[PDB]
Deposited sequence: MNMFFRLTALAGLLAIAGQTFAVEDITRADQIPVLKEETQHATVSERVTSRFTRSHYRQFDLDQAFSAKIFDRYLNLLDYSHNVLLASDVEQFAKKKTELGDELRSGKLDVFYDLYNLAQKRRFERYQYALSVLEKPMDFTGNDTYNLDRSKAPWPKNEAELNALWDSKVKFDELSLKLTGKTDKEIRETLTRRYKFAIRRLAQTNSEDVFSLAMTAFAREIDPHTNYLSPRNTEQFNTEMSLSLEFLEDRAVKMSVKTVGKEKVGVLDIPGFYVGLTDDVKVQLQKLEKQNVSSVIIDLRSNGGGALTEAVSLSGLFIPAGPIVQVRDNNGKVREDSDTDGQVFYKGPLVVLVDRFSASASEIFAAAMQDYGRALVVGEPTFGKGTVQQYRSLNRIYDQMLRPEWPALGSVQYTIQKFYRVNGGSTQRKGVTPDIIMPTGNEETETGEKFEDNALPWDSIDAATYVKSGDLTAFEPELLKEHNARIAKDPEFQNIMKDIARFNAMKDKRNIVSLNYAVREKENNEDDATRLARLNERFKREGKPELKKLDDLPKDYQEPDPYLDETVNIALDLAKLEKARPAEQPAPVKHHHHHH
């Protein structure tokens, strides 16, 4: 591509229909009751710009102010399938992006000088759009500098930086004239979808097993054992696999069991009710609620308790969906103790439906296969009546990282549904741990105040914290960005060596000697094994 020989993208025959079908389902059958009015179509516009120009880099402010005149019209376009503003706004900026990469190549030839006091703001997600071509060219000068500098700091000659950043920018141009009419369609439907809730999606038509199983282990403190179940996800027939392993562990006289659901991001709700059932006799696990107003109770029907021994549940900020059900049930029945970070807050069920009707091959046989949509149909509620959503399971024992406010969680996703409560279900608590908790905590706090790995974690936190202003403001000075890397490498080598002398291992002469496959310690697991034994002691 040397010029504007980028194909002009047009809406395909099928698309008008496919749009009408998407709009029908979103506007009628979504848990979220919204009006596709002017306010909504205006918000669908701003999201759509943020999908074309993420960093506010490619379009003129005048490009934006011109199309913006026409943003309350998007609800009409979607309902009718005439997506002219979506196709026009994409076509321009198909041009603008071309003419930014043809400029970025020109600038790569100029002399490189990394000795200024300029910074670079990584977050133009909310910046004003460039007012004119001089400001456009300035934002793209910064960008080829940042691209050059980040490469230079991997020890590259000015010569091989131009050779690699040409490869990149020239491929950015090929990507650009290889996009198709469905690409633009997909992104219009995505702006719509993602303005309802963060889990709603359009899914384009298709173009021309035991690795994720339960691992069990045992870990000792003196003469006493603790079984640990690493559960990677709620895969179908999980409850069968842990039943095998709960027998292996029952016999080996283990004092306590840990279910490890860290970074376990969900799976089959049924595996969550069946697993809950291994630990509590009978009772309701979860209240599900539908788009129209109606509640339902999943229960555990086999009234037998496959393991009555002391139980502990290890979760982090990435424990989600089904994991939060399970963890929430054990907490609510006081069947098991919860340790780690507050969980994600995924309190909602999404359903796939096809945009394909049985009479399509019949009437419009020229057409291709049509897409499918994914959208929220149900919410989850705990047996105590509260919702999983945007609150998550909060641990009985919160590791230090959980007291720190993080930027990861359903709560931080755009237009995530709010937090709700319905009435509690009828259930009888299998036990009560309010009794043991302040003592488990006395011990926990005493232990980690000494542990140097938890000292290292609580130092990491003070750092991450104190350097959150400059969070998205990177220096463009090679010296300062060479020194920054050396002080990171140096603090890492010191940590690794502080550790190796505790352990009677040889110290490392340099960071590069560390095996590629070195395993870090798991201080969170190691401290929970102690919590598990403390609990066993107290019953």
| item | value |
| --- | --- |
| Deposited residues absent from the coordinates (by C-alpha) | 1-26, 235-247, 579-596 |
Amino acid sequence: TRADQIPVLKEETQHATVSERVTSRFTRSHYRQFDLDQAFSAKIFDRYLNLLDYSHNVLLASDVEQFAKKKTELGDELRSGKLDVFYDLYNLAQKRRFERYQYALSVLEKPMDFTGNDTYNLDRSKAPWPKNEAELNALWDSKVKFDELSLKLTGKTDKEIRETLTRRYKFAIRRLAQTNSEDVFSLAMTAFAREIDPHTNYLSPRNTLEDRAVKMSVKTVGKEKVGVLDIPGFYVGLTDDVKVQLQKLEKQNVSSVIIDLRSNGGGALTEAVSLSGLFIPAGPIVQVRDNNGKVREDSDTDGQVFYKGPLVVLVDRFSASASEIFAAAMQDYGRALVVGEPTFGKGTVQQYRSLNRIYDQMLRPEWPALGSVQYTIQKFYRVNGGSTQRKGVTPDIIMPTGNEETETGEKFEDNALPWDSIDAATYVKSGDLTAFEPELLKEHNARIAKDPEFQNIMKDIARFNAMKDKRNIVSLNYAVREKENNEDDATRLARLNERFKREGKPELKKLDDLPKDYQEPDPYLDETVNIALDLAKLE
From here on, numbers count along this sequence of modelled residues.
{"item": "Selected stretch [higher average CA B-factor]: 276-284 or 320-328", "value": "276-284"}
{"item": "Stretch with the higher entry mean CA B-factor, where the candidates are 332-340 and 405-413", "value": "405-413"}
{"item": "Maximum C-alpha temperature factor, selected from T72, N445, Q389, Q252", "value": "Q252"}
{"item": "Highest recorded Cα temperature factor - choice among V85, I258, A449, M467", "value": "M467"}
{"item": "Chain third (lowest, middle, highest) by recorded CA B-factor, residue given as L59", "value": "lowest"}
{"item": "For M112, the third of its chain into which the C-alpha B factor falls", "value": "highest"}
{"item": "For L441, the third of its chain into which the C-alpha B factor falls", "value": "middle"}
{"item": "Ranked against its chain, the third holding the CA B-factor of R471", "value": "highest"}
{"item": "Modelled-residue ranking by C-alpha temperature factor, third containing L514", "value": "highest"}
